[PDB]
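Reading through the structure tokens given below for one structure.
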Ligand SMILES: Nc1nc2c(ncn2[C@@H]2O[C@H](COP(=O)(O)OP(=O)(O)OP(=O)(O)O)[C@@H](O)[C@H]2O)c(=O)[nH]1
Ligand SMILES: Nc1ncnc2c1ncn2[C@@H]1O[C@H](COP(=O)(O)OP(=O)(O)CP(=O)(O)O)[C@@H](O)[C@H]1O
Ligand SMILES: Nc1nc2c(ncn2[C@@H]2O[C@H](COP(=O)(O)OP(=O)(O)O)[C@@H](O)[C@H]2O)c(=O)[nH]1
Ligand SMILES: [Mg+2]
Ligand SMILES: [Mg+2]
Ligand SMILES: [Mg+2]
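Residue numbers (the authors' numbering), protein chains in the order written: chain E, 6 to 28, 44 to 74; chain A, 1 to 438, 448 to 450; chain F, 1 to 102, 125 to 151, 159 to 175, 178 to 362, 371 to 378; chain B, 1 to 42, 45 to 275, 285 to 360, 369 to 438.
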């Protein structure tokens, strides 16, 4: 059970024990996705107002 | 010295951030007014605690934090509470009406109109950093803001801060304290779009925190306050390495290097011990071996699951209080024999150990008892996939009938995003299966 | 009113358990996919253990121990015995076995083989996982290559019942409840072969394999000496007294109980649900061989065993008392032996 | 500040509405003159959801009173709390609606609707962040039913992204005024299917039976029925009027109660009609405590919201709740996990130490729409009483479509009851 990388300071210490060795979307793309959704919302709201106008 | 900026999104993120910064101040000797008598460098210094606190010329220590919520009730209690003097108005952002537990409302409808403001306020904090490490993002899975606006913010952060690590503290939904029935939808949706933007996420299942509060703290019906003070203890021991002198997990990058070899599998399991009720006058002080052994009992984990049937890819032990290396080594030797701890063949069978001599701090008047030594184990085990399976199954039950889907399509989201998100989760579950697993007689 | 679900239609045991449950007025059967259950009679394969114990206010119990396959898969059982320090490769009640793929043991198997047929010693092995009993290692490895298999030493000196000169195996039923109590059903069964044991002809496997499967499709004397080639403990005990002047308890049952304890205690740390968010119990079928020295040998452990038609009523009722009602009470005399 | 605009239309709508404001005004500590005389800050915490504040800290209900004849309006103004409403929020005509949906929706109603919208527009203008609207009305008459649904249609056109909720009183032959009530109710239900987000179905037959069988009232009046409704209205709005985390606002409640846009008609319940937690739980779930005159054992619950008021064991509440559903579990759909949510308010209603209010989205509600459809077709098959409607410009075709629309609604509930 080896112990490696023992660092000691005034507020603590750290070490490592080894028991055995081993065997994106851009700004404009995000803006489009947001405006696409907004567009589908405005379309659905236009169909509503159209429905109510009838 | 490199700075960390904390971002709290939604009611869960904001109220958990409240408990954390309250605890951070108690741990660093910072009073509610922001004064820190121990900081001999007035209005300056690049000490370890300055990773989370900036200093005005008047000696005020201001958290490097921004609170954001699409509805002002929760953030109004920050502006009016004990630590109101801590933050300045620019870092507390509130909207008018919330996302109604609707991912599409938080991400698209409302997020599109507030995202630029949030980034501007973050840039203000970034402009105060000589070497920004990255961000710590707190949020729920199930809320409309915690899920929807978080994933939009994470996308924009990868753009504005390409070479910066992003860590998550995510609240996994539990019916025992759940508000909405659509939280499985919001969890899958936000995990899918956030997956490629988060370097390491610590999931906390409210069901686990709830039972710990009932079993260990003798609280018959825990509230969010009880839950959040316990959560802040775990968060504190996880971030202690960033704001105290030390050599383990001193940089946000180190969390990825030590806990996440496989990028998509970046959800470490957290286990904390001991949690002892303050109503118990005298309680038996647990030893190093006892609390270390407690890190392998399912009842102390932040996500209920059985590590005995997964495989470990990395294991990290974080001690606070009266602990010395030989006590830890002796305890591990005792545990590696009894309990079954199978590491993946392509990873060393070892443990990174960090010790902080300061015992865990407890908020006066809280439910947790002062202990002389505590430990938090971070282990990246495939057993946490059980949490994805559960969640994915609730998603499937509702989506087969398209129940509640119209609320999401009504906010401009396409029905295809559901299946796209679900198939990504199916691939995530298979990634765990590959790394992990090997009638009528 | 307790609720349970049935996810294995083929289980003859838990089909009776479900029948007894409903016959009490305090249990109601729900749809297979209803999550608000107290008791799951789960499927044999891919039982979703990860979805148990997460329903608010429901104490949930399942009739399988997650991880018990390590003991009930022929390949993994060998690996468990050779690997577990509690059992070790010196374990004296498990026949010398080797795991061979079509990490592999094909090499070590041939080493100990040469030491046998060279030393005049009986060198007969049985490969299984489609069974084959051969004299030389040549024909054995060819059968596997042409799924993973296990080559095991064949018990060439079995205890033969008289009259008949015929081999047999013993089946013991063991119930392990949620507290990990190990209960041995007081009633076992001997699955006997109706044909005389032939030491030279390994081609005909009707007198070498005793399972009820072969002793019917290919048994020429099915039911001659005992109904359905099934001798129960009372008769077998009386025989041991008459023929050998010994008791079933002393000559055999002591070794059986020791073997059951050793296997289940070995894996308890891995499968126990003591501190788990759900609870488990499971019925096991242990299969034993007895040699002519009255030494008991473990053959295999079955995780979803069937029962003797004559014993379903008692065992199934005993399961309900010890495993189900213990957790979910209702509004002595005991058929099990606590180990 | 998430304000709700309240509208009450017609005789039934205004009499039930008046009692509603009387009950909650008492709960929030508001006297008949709008002045506050409470003793708990929890009262004023969310007072602005239903009340505007004027100088002198007098609170004025955000309520609009609508009718096509003055009678009921005058009775409210002279009523117990009649002085509490803004005088200019009374909007009424003189002609009347003659229990005729066409008069309320197309002729008499059309002349008054714009001035009603003027008042609605004024109340909304002074809202920090308008949640939505709630309407009280009956479906069996002319003004509440015909003009009420006209108002909903106009409100939706002007505030298309606000929540629209209603308490709708369904007619019954056992508590009937005119024979044309199935006509008016069938026409209104279609308007509600399209333009409301949440409708609390209040069946006058259930109200009567409760007053007769349970409450032991020999001869119940409309007043007795209105006692049950205002108590129900106070309970279902408790989580809106006091500090709460579940069903906090109208849109969050809709998102968690309405899995399919057309199936948004809820069965309310109340208890008691002191008691222990198991008693409240058992009673609140028994049909005899539900006001839709529908047996939930005949259908399946899509979602359920329960509100407990008073000081009680929070553990007993969960245990009884988790008990009541885990017993008769056949009546909850299995494809909406965790579809029963529970909230608790500390402030009990006047005269009770603890009560429980029940809000169910059950497919059993189809029995109500089927009753109305059967009564509609018995008369429509012979074109009985149609001249009252054709005389107002309506064509028979519009009746045929409303019939098919409600029968479509019934069959839609029947699909999810089998699933
Ligand atoms: N642990 C913990 N969980 C919380 C807290 N607040 C909310 N939650 C959980 O978060 C989920 C609800 O999401 P919220 O964060 O409240 O909603 P939100 O992010 O504000 O989004 P919207 O309100 O829909 O705009 C539920 O599963 C809650 O149990 C909290 O303070 N602590
Ligand atoms: N090493 C050995 N020596 C002698 N006989 C053996 C043996 N291994 C197996 N047998 C014989 O084989 C028969 C059953 O073999 P085994 O139990 O391995 O197959 P199986 O697992 O398909 C039976 P089941 O369906 O009940 O689990 C027994 O009757 C036994 O007599
Ligand atoms: N519960 C209740 N129902 C009423 C009341 N007044 C009328 N109704 C019912 O409402 C229907 C008559 O509609 P009404 O409101 O009087 O017509 P309107 O004034 O034109 O809207 C019938 O079904 C009545 O039974 C009341 O005060 N309480
Ligand atoms: Mg919120
Ligand atoms: Mg077998
Ligand atoms: Mg009338």
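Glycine included, each C-beta is placed from N, C-alpha and C at the ideal position.
For residue 65 of chain E, return the contacting residues in chain B, with the cut-off set at a CB-CB distance below 9 Å.
The contacting residues are 162, 163.
Cutoff 6 Å; reference residue 335 of chain B; Cβ partners in own chain excluding five residues on either side
292, 296
Within the continuous alpha helix (DSSP H) that includes residue 212 of chain A, where are the two ends?
206 to 215
I'd like the span of the alpha helix (DSSP H) that includes residue 297 of chain F, first residue to last.
285 to 302
If the cut is a Cβ gap below 7 Å, which residues of chain F does residue 339 of chain A touch?
300
Are any of the Cβ atoms in chain F nearer than 8 Å to that of residue 176 of chain A?
yes
Does the beta-carbon of residue 199 of chain B, which I'm using as the reference point, lie nearer than 7 Å to any heavy atom of ligand 6?
no
At a threshold of 7 Å, does residue 333 of chain F count as lining ligand 5 (C-beta to nearest heavy atom)?
yes
Looking only at its own chain, which residues have a Cβ that is under 6 Å from the Cβ of residue 330 of chain A, when we skip the five neighbours before and after it?
Taken in chain order, the list of residues that qualify is empty.
What three-state label does DSSP hand residue 270 of chain F in the structure shown?
helix
Heavy atom of ligand 6 within 7 Å of residue 143 of chain B beta-carbon:
yes
So what's residue 346 of chain A in DSSP terms, helix, strand or just coil?
coil
Ignore the nearest five residues each way along the sequence and tell me which others in residue 267 of chain B's own chain have a CB closer than 6 Å to its CB.
201, 203, 384
Closer than 7 Å: is that where the CB of residue 450 of chain A sits relative to any heavy atom of ligand 5?
For ligand 5, at least one heavy atom lies less than 7 Å from the Cβ of residue 450 of chain A.
Taking DSSP as the reference, what is the three-state secondary structure of residue 376 of chain B?
strand
Residues whose Cβ lies closer than 5 Å to any heavy atom of ligand 4, in chain order:
A:11, A:98
Start-to-end residues for the beta strand (DSSP E) that takes in residue 345 of chain F
For residue 345 of chain F, no beta strand (DSSP E) encloses it; the enclosing alpha helix (DSSP H) starts and ends at 343 to 350.
Report yes if the C-beta distance between residue 275 of chain B and residue 217 of chain B is below 8 Å; otherwise report no.
Yes, they are a contact pair.
Contacting residues, own chain, Cβ-Cβ under 6 Å from residue 138 of chain A (five flanking each side not counted):
8, 13, 16, 17, 169
Under 8 Å between beta-carbons, which chain F residues line up against residue 389 of chain A? List them in chain order, please.
48, 50, 51
Taking only beta-carbon atoms, is residue 54 of chain E less than 8 Å away from chain A?
yes
Candidates A:11, A:1, A:22: which alpha carbon is nearest residue 363 of chain A's?
Across the set A:11, A:1, A:22, the C-alpha of A:22 shows the shortest separation from the C-alpha of residue 363 of chain A.
Distance cutoff 8 Å, beta carbons only. Does residue 206 of chain F sit that close to anything in chain A?
no
Closest residue to residue 26 of chain E among E:14, E:16, E:13, E:8 (Cα-Cα distance):
Ranking the options by Cα distance to residue 26 of chain E, first place goes to E:8.
DSSP on residue 2 of chain B, reduced to helix/strand/coil?
strand
Does ligand 6 have a heavy atom nearer than 7 Å to the CB of residue 120 of chain A?
no
Pairing CB atoms from the region 222 to 236 of chain A with CB atoms from the region 278 to 287 of chain A, are three or more of them under 8 Å?
no
Which stretch, first to last residue, makes up the beta strand (DSSP E) that contains residue 166 of chain A?
165 to 172
Compare the C-beta of residue 401 of chain A with all C-beta atoms of chain F and state if any pair is closer than 8 Å.
no
With a cut-off of 8 Å, does the C-beta of residue 260 of chain F fall near any C-beta of chain B?
no
In terms of residue numbering, what span does the alpha helix (DSSP H) encompassing residue 119 of chain B cover?
110 to 127
List the residues of chain A that residue 10 of chain F touches, going by C-beta distances under 8 Å, in chain order.
448, 449
If you measure from the CB of residue 179 of chain B, is any heavy atom of ligand 6 nearer than 7 Å?
Yes, the beta carbon of residue 179 of chain B sits closer than 7 Å to at least one heavy atom of ligand 6.
Using a Cβ-Cβ cut-off of less than 8 Å, list which residues of the region 219 to 236 of chain F approach chain A; keep chain order.
Contact annotation: in the region 219 to 236 of chain F, no residue has its CB less than 8 Å from a CB in chain A.
Is the region 247 to 262 of chain B touching the region 26 to 42 of chain B, taking contact as three or more C-beta pairs under 8 Å?
no
Please list, in chain order, all residues of the same chain as residue 82 of chain F whose beta carbon is under 8 Å from its beta carbon, the five residues on each side excluded.
88, 89
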